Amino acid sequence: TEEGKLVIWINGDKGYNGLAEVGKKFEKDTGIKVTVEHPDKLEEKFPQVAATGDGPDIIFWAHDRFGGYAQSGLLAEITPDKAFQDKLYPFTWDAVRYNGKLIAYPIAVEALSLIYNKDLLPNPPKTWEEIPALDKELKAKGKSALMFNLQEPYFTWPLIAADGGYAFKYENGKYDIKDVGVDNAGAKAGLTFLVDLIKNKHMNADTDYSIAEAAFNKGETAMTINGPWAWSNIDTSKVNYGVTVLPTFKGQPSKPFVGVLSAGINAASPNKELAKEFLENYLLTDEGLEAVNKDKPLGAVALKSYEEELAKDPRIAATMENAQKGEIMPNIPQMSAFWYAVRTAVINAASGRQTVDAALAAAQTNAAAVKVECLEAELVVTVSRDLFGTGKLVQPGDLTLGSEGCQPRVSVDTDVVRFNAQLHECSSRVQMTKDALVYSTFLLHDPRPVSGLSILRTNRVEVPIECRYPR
């Protein structure tokens, strides 16, 4: 990558100019230059480049991605002394722990909250069920009740999880990677409510992060749903806003996934010592975290000393209230499959392209059995041969990707079938969102002709396979 310097990747919604200021100070004292970059899809790009021995020295992301990276051998083990570990909260260290090793430095606790315009709405609704009626009133005076990012499942998940949706079942000291709670009655109820909001034109299916942000920050919508990072732009807009508890659904609290912003060190980095110095002695200090937080708020920082200093903030208090009512994300490798599954399900259900029941049923299978990798002109689909959980392995001839024109290369291992497919010939459907070009197809399992009576538990499965590329 290059010795004698530090390249850092952090997401574009985070305080990367502030992190760059911390890097400027590092360079002053040490002479080592620090380059902070915020590439798009960095959570997907990191493992691709790190596997070739390249990529940045340090990668920032929520903790949920790091178990996959660790499992893939992409991360150096971090070795802080007890004195440094004492400075941060135990819960945050827990988040960056994988298979008995610490695999990242924890930075800050994140959770979504309800953000609301006090002038347009002095009393924000305590329940989701209120919102359609509240929207009607606001529509009368040229406004909307609620706008938030409907393109990323992170933002819709709190509602889905409220009445009993979950990611993976934690049982007997581990997560069961085949027990996915995206297709239970609680999850269906949550998504159905969301899809109804769109049906009844209280929300729009195409609404994304930037649209929702512009709407609230211009005073066009009374509420939005976002994290601490979002506050800086609202402050600049001079909108009179409050950060509060997310609305309940069917009397139960919204359950946002708690994320811990984490910093991992590339296993291929020749600057592992410099990276440790930077993170421990420059970033993870009151002065370091202040520089980043000033840029874009981090939330509840992992560093005890600075967290206590900011805890008075009622916005942070609300973040932690919502964090309390939600669940911490697993960091297991299967989380990206889970996120793909839910992202796709919500988009297809919200568009009316698929039903809520059918969408979430497919999401279960995708999360449990499927991995989608989108490359330049190419697509890789890896399917678990234990497709149902029976222990009975599917045969590759019974699996089909796309239509007859789609002629992928098919490879078989003991446990998986792998499709290497050209996107042009295998795209059943293509479409454009504001931000993306979307290529879509389907994976089918159909063991026809089957040799008996078909009793139950249909062996016919079909799941959406989809790739999204930035416009």
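One rule holds for the numbers: they count along the sequence shown, beginning at 1.
Chemist: In at least a third of the other compared PDB entries, does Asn17 have no coordinates?
Modeler: Residue status for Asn17: no gap in any other entry.
Chemist: Counting only other entries that model residues on either side, is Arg448 absent from the coordinates in at least a third?
Modeler: Yes, a third or more of the compared structures omit it.
Chemist: Select between 424-432 and 29-37 the stretch whose C-alpha atoms have the higher average B-factor in the entry.
Modeler: The entry gives the higher C-alpha B-factor average to 29-37.
Chemist: Output the stretch having the higher mean C-alpha B factor in the entry; the candidates are 278-286 and 236-244.
Modeler: The stretch with the larger average C-alpha B-factor is 236-244.
Chemist: Comparing recorded Cα B-factors across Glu110, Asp208, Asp398, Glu130, which one is largest?
Modeler: Of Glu110, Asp208, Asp398, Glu130, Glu130 has the highest C-alpha B-factor.
Chemist: Pick out which of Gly391, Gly227, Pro158, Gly100 has the highest C-alpha B-factor in the PDB entry.
Modeler: In the PDB entry, the greatest C-alpha B-factor among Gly391, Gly227, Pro158, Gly100 is found at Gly391.
Chemist: Considering every modelled residue of the chain and its Cα B-factor in the PDB entry, is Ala20 in the lowest, middle or highest third?
Modeler: Within its chain, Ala20 is a middle-third residue by C-alpha B-factor, going by the deposited values.
Chemist: Taking the values exactly as deposited, rank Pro106 by C-alpha B-factor within its chain and report the matching third: lowest, middle or highest.
Modeler: Bottom third by C-alpha B-factor.
Chemist: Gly352: which third of its chain by C-alpha temperature factor?
Modeler: Tercile = highest for this residue's CA B-factor.
Chemist: Is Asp446 in the lowest, middle or highest third of its chain when residues are ranked by C-alpha B-factor?
Modeler: Its C-alpha B-factor belongs to the highest third of this chain's values.
Chemist: If you rank every modelled residue in this chain by C-alpha B factor, which third holds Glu373: lowest, middle or highest?
Modeler: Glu373: CA B-factor falls in the lowest third of its chain.
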